Amino acid sequence: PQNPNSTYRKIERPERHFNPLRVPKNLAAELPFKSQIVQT
Amino acid sequence: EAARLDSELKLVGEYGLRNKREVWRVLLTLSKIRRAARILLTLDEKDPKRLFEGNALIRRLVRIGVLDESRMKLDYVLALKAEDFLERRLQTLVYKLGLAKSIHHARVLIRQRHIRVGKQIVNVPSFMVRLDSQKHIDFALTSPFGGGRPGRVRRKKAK
Amino acid sequence: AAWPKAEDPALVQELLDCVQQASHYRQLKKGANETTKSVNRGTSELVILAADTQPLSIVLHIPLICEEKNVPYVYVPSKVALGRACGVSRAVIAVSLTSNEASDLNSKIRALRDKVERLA
Amino acid sequence: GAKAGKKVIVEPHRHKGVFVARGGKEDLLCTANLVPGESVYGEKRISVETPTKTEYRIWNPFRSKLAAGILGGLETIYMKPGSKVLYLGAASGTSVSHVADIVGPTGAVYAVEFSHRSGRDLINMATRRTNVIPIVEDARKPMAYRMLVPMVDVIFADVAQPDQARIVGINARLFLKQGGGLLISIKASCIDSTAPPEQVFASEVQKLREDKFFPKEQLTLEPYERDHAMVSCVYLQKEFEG
Amino acid sequence: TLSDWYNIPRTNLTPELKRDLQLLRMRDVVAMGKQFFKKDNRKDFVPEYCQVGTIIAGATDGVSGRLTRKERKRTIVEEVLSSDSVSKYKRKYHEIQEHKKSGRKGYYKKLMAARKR
Amino acid sequence: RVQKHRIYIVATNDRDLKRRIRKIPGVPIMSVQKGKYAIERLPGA
Amino acid sequence: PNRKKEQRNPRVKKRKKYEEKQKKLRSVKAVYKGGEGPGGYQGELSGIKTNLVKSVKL
Amino acid sequence: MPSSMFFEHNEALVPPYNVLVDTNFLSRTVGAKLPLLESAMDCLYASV
Amino acid sequence: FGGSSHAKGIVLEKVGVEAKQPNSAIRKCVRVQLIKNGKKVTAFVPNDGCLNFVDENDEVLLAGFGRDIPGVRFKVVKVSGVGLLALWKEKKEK
Amino acid sequence: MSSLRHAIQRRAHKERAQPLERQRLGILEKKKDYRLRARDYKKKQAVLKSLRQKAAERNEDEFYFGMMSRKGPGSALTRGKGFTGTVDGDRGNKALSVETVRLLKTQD
RNA sequence: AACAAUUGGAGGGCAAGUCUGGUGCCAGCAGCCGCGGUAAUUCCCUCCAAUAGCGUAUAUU
């Protein structure tokens, strides 16, 4: 009288990483000089 | 406090003891002996009870080998500490006389009936061994280390 | 060359007795070569030599390294008395005796080289 | 560990004339060889040329109390290239060779020893080096070599005597400058064998202090020795060079 | 050149000497737990005055305390590369790489293929 | 002096100095409680 | 409350407690632990630090 | 860290005990009429 | 309550069994009829599990404290002769 | 109290994984992974909020002397397909003169 | 997994559980209680003290 989804299992969690900070083209184009995003 | 905890932990670690009760016991007997030496020092020299009584006390502590036989003065018997008594106890004489590999092995080899002291065999590791009786600490006769039968594991090994 | 000559009125006797007790506590390096190893390695707490050496040059070398390591040395006048003081059945010509952290033997070494310091 | 032929670079130490040789798995305190190509007592040493010439004798804290103090974390050692050092208790001239390597060609080490045999090895080493003088006399009689020693900057003291502060006392009252360096190795088992070593060290410091020195620091040499102290003090002033 | 340190010259800083200086600030990783060192975290590890020497000879040790012809190598880094535990370096390195590829981008790319399949 | 050598027993009574050298470890404080003396942190008698 | 096999014997518990507090005093202060051993001074193992002054001003 | 310390236990103090005396203590023992060497002697049981 | 050290009592009302917090002092305190004094004092049952053992009308021994309601002063030690901690552990029945 | 707590009253409670159908879809975020993507999104939107307040509250007639030694972000018309919103940086490459390239090609 | 050492205290971690507060995603107190499952499950502790002894209450010195 059992269910297989009901049993406790081991949970494997890789370390969560997220994508970097994605500023839009027009915002980064229209923001002033001391803060202008400098990407090579 | 903490000075007593590190002090008595140093005593229960230097010499292989089971609790702090034996430490307090040894400091109690040293308190009585050192007390008697103090109240003998209260009188002058040529007070004949300081001469004969203090002479008898330093002869008894030379005889049980706590006070070293070189120094013969009641100030030098005031200057004692509990590592002298624990250094004179039987367990530490088993280890310092090298019958045992460690001090806890020495207390095992005393509650275990493997050692004798002279004619007696001694179960108590708190036995205040006399300086004259220091040399005759050895293994007991029916033990596997003093001849005799080779004991349980080798009996079940031969069978 | 035996200018730290120990005196037969019981200073020799306390030296040889402490030799025997260190022999029973296994704190004892016997013979000139093993004495030399203990002094050069710096384990040595005190060192006795024997002035009854038939050429004494063969033990004259260790007062140098004992002066370098600053350990007290003293001569007893009989290598046979030193030899059965050790318990060897041969003649021990020069003996060195070390110490540990906690022993009444270490106390006896301390008082003994206090007397050797009263000589030198 | 420090095998013969391992590559090991040399950088200066914090002191004047003392060097430290860092290798892959170890480091080695070392001085500069005054007479190149010659080891004194059979020690490892380091050769390097300018970018034949440069040579660095490796210095042992087990055979030298002063190396035990420099690896023991001493503030100053008072000795520099150009100093005058009065070494007391100079057995065989080994640490006298390292002090002579510190004060260098323009310095002067005044080695004093009582024994004639260490006198002879001292005359061998002190015949090889020309800044060390050999003096074989009693350190308890400074008026024997008062014709030999001028006013020195530093006194190093390594004697195994019970009257060590008195010996260094009269030697400083004849030969040590106004505001002089003093660096004493102390063996508590040699002064008082039945007393605790901190109390022996503090009592010897007090005997220097009523002998009118000024103790700057004390350190105990105890990963390398047992019950040994190194006391660094300064004669008649609070600050060293005056 | 220092005038009171007996003319140790200034560091003729070459890329091999700079590798050796890096190895000397990194000797704790070299002896992989078997020997730990004085933690020396200064920012600029290159000193002002250095001089690359070799140990010559102890007059009591010549049997075991002496490098051989196939071991008197040219740099400290070549000595460390000559020694053992190089596969131990690579083993610990792939523990670290297997932990730094944990959930980064091949993981999420596998998730996208798993959903789209 | 006690901070330098740390051998001594300090015989004091004031809360200022007794509280000052309860901060540095392993020193005994001897006081006088009106009929006899007292020892704070010497683990002997 | 679930207790330990080391807590079962008080003598074993003070033995394992002294071994740890002998271990921690190695980390803090400097213990002698013998002079030069067999090999005879392979250098100052565990580094040399030049700025550090570990001494009591007096 | 000073010699002869085992985790806030000075093993370096052993009889004959040294004792720095303060002005507070000399005032309060001449006030408590309690002689100094004999009562330090009596509270430590050891030569000071 | 300074003449005797332990006082017997009747559990009168389990005060605040309808509370929400499982180990708050409201749920822990119990109204007690003191036998010899006749007063009604409330006392801290030290657990909600022990509160499941403290029943109505039962003879209950109480003691003091020593140091959510600072001011309730006594403490339930026994229920019907058996100690309440020995009831909390599985030592004894009642 | 902590002394008045049993050992079954300290049992860790077990987190439940996904059904085997959803095992394709991934990790069941429970509270930790939710807090990681929530704090990461809050940080991103906080930085974008500060940058929108920059671009809104910027001064059009501003002058810096780095504008005489930098090339600006341009527009979609001056940059075209190679338009990101950013300012390019220097790789350290340079147009190298003809004498020194003669030196480098005698070496080559 | 035994020939089966205790008595006190301090602290950490935990659910598709519960309860409460409130200008989302926070915080609180707390949790033997969770979807299934009881021949079902095999999962989480560290430190301090005394230690065949120890805790607690009042009188207290």
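Positions of Cβ are backbone-derived with ideal geometry, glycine not excepted, and every protein chain shown enters the neighbour counts. Where a number appears in this text, it was derived from the coordinates with a stated rule and is not lab data.
Taking θ = phi - 60°, what integer Hz values does the Karplus form 6.51 cos²θ - 1.76 cosθ + 1.60 yield along region I:72-77, in sequence order, with x for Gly and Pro?
6, 10, 8, 6, 7, 10
Cα axis of helix J:32-56 to longest principal axis of chain J: angle in degrees, 0 to 90, nearest 10?
40
Restricting to chain D, what percent of DSSP beta bridges are antiparallel, rounded to 5? Can you show the working numbers first?
Numbers: 29 of 48 bridges.
Antiparallel bridges make up about 60 percent of those DSSP assigns within chain D.
What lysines could a cross-link reach from E:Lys70, if we take a straight Cα to Cα line under 20 Å and drop same-chain neighbours fewer than 8 places away?
D:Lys3, D:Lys6, D:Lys7, D:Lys25
Above 47 angstrom, tally the Cα pairs of the protein assembly as shown and express them as a % of all pairs, no decimals.
Working: 283998 of 530965 pairs.
Of the Cα pairs, 53 percent sit more than 47 Å apart.
Suppose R0 equals 60 Å. What FRET efficiency, 1/(1 + (r/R0)^6) with r the Cβ-Cβ distance, do B:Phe145 and I:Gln21 give to the nearest 0.05? Walk me through the intermediate numbers first.
Working: r = 66 Å, r/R0 = 1.10.
Efficiency, from the Cβ-Cβ distance: 0.35.
Explain nothing, just the number: dipole magnitude of chain F about its Cα centre with +1 on each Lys and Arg Cβ and -1 on each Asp and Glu Cβ, in debye rounded to the nearest 20.
Numbers: 12 positive and 3 negative charges, 29 e Å.
With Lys and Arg at +1 and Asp and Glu at -1, about 140 debye.
Could you tell me which of the pairs D:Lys53/E:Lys73; G:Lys13/J:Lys14; C:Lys29/D:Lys65; G:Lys33/G:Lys57; I:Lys36/I:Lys94 are separated by over 29 angstrom between their Cα atoms in the structure shown? Could the numbers behind the result be given before it?
Numbers: D:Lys53/E:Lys73 22 Å; G:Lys13/J:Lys14 34 Å; C:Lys29/D:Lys65 25 Å; G:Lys33/G:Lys57 26 Å; I:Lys36/I:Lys94 24 Å.
Result: G:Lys13/J:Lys14 exceed 29 Å.
In whole Hz and in residue order, list the ³J(HN,Hα) couplings for region D:210-216 that follow from phi through the Karplus curve 6.51 cos²θ - 1.76 cosθ + 1.60, θ = phi - 60°; x for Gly and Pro.
Here the 3J(HN,Hα) series is 7, 8, 6, 9, 9, x, 8 Hz.
Where in chain C are the helices, taken as whole DSSP H runs, whose Cα atoms extend 15 angstrom or more along the long axis and whose Kyte-Doolittle mean reaches at least 0.0?
On the way: long enough: C:11-24 (20 Å, 0.19); C:104-119 (23 Å, -0.89).
The qualifying helices are C:11-24.
Calculate the length of the line joining the C-alpha centroid of region H:11-26 to that of region I:39-84, in whole Å.
A separation of 53 Å, based on Cα centres.
Can you work out the Karplus-derived ³J(HN,Hα) for every residue in region D:193-203? Use 6.51 cos²θ - 1.76 cosθ + 1.60 with θ = phi - 60°, whole Hz, and x for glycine or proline.
Computed from phi, the couplings for region D:193-203 are 7, 9, 10, x, x, 5, 6, 5, 5, 5, 5 Hz.
So for the protein assembly as shown: antiparallel DSSP bridges make up what percent, rounded to the nearest 5? Don't skip to the end; give the middle numbers.
Numbers: 75 of 109 bridges.
Around 70 percent antiparallel, to the nearest 5.
For D:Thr194 and C:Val80, FRET efficiency with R0 = 35 Å and r from the beta-carbon atoms, rounded to 0.05?
On the way: r = 33 Å, r/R0 = 0.94.
Computed FRET efficiency for C:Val80 and D:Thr194: 0.60.
Which of rounded, prolate, oblate describes region D:1-120, given a ≥ b ≥ c as roots of the alpha-carbon gyration tensor eigenvalues and a/c under 1.5 marking rounded, otherwise prolate only if a/b is larger than b/c?
Numbers: a/c = 1.58, a/b = 1.48, b/c = 1.07.
Prolate, since a/c reaches 1.5 and a/b exceeds b/c.
What distance in nm separates the two pseudo spin-label positions at D:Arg166 and B:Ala158, each 7 Å out from Cα along the beta-carbon direction?
7.1
Please identify every one of the GluC sites (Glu not before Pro) in region B:1-55 that sits in a loop by DSSP and has no more than 13 other beta carbons within 10 Å of its own beta carbon. Working shown, then result.
On the way: sites: B:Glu1, B:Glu8, B:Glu14, B:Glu22, B:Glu45, B:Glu53; in loops: B:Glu1, B:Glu45.
The qualifying sites are B:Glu1, B:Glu45.
Could you compute the FRET efficiency for D:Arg117 and G:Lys24, with r as their C-beta to C-beta distance and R0 at 51 Å, rounded to 0.05? Kindly include the intermediate steps, with their values, before the conclusion.
Working: r = 46 Å, r/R0 = 0.91.
It comes to 0.65.
List the residues, sorted by chain then number, that are 5 or more residues from J:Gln18 or on another chain and whose placed amide H is less than 5 Å from its amide H.
Result for J:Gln18 returns J:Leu28.
Chain A: which chymotrypsin sites (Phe, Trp or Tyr not before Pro) are DSSP loop and have at most 13 other beta-carbon atoms within 10 angstrom?
Loop-located and lightly packed - A:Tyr8, A:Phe18.
Answer rounded, prolate or oblate for region B:106-156, using the Cα gyration tensor with square roots of eigenvalues a ≥ b ≥ c: rounded when a/c is under 1.5, else prolate when a/b is larger than b/c, else oblate. Mind showing how you got there, number by number?
Numbers: a/c = 3.38, a/b = 1.94, b/c = 1.74.
It is prolate, given that a/c is not under 1.5 and a/b is the larger ratio.
Could you give the distance between the Cα centres of region D:49-98 and region B:69-90, to the whole Å?
Cα centroid of region D:49-98 versus Cα centroid of region B:69-90: 43 Å apart.
Quick one: Cα centre-to-centre distance for region F:6-36 and region D:127-195, in angstrom?
First find each Cα centre; the distance between them is then 40 Å.
Check which residues have an amide H placed less than 5 Å from D:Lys177's amide H, if you skip close sequence neighbours.
Excluding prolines and chain starts, which carry no amide H, the hits are D:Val152.
Between B:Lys96, B:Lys119, B:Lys135, which gets the highest mean-square fluctuation from a Gaussian network model of chain B, Cα cutoff 10 Å?
B:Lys119
For F:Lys23, go through the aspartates and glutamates and keep the ones whose alpha-carbon is under 19 Å away, minus same-chain ones fewer than eight residues off.
B:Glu1, B:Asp6, F:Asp14, F:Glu40, H:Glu8, H:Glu11, H:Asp22
Which distance in nm do the two modelled labels at A:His17 and I:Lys36 give, with both placed 7 Å along the Cα-to-Cβ direction?
Distance between the two pseudo-spin positions: 7.6 nm.
Cut-off under 19 Å on the C-alpha distance; same-chain residues fewer than 8 positions from J:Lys94 excluded. Which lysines are left, in chain and number order?
List returned: J:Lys71, J:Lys105.
Which loop GluC sites (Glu not before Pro) in region C:63-120, with loop taken from DSSP, have no more than 14 other Cβ atoms within 10 angstrom of their Cβ? Numbers along the way, then the final one.
Details: sites: C:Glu67, C:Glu68, C:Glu101, C:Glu117; in loops: C:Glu101.
Those that pass, being in a loop and sparsely packed, are C:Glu101.
Based on the alpha-carbon gyration tensor of chain A, what equivalent-ellipsoid semi-axes (square roots of 5 times the eigenvalues) come out, in whole Å, largest first?
Working: eigenvalues 493, 26, 8 Å².
Semi-axis lengths for chain A are 50, 11, 6 Å.
Running a GNM on chain E with Cα contacts under 10 Å, which residue among E:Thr11, E:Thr75, E:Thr54 ends up with the highest mean-square fluctuation?
Judging by the Gaussian network model, the answer is E:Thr54.
Going down the list C:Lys69/D:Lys16; J:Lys44/J:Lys81; E:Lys100/J:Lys43; D:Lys80/E:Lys39; B:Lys20/F:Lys34; B:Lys10/G:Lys14, which pairs span over 21 Å between their C-alpha atoms?
Pairs exceeding 21 Å: C:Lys69/D:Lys16; J:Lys44/J:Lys81; E:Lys100/J:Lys43; D:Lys80/E:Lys39; B:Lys20/F:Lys34.
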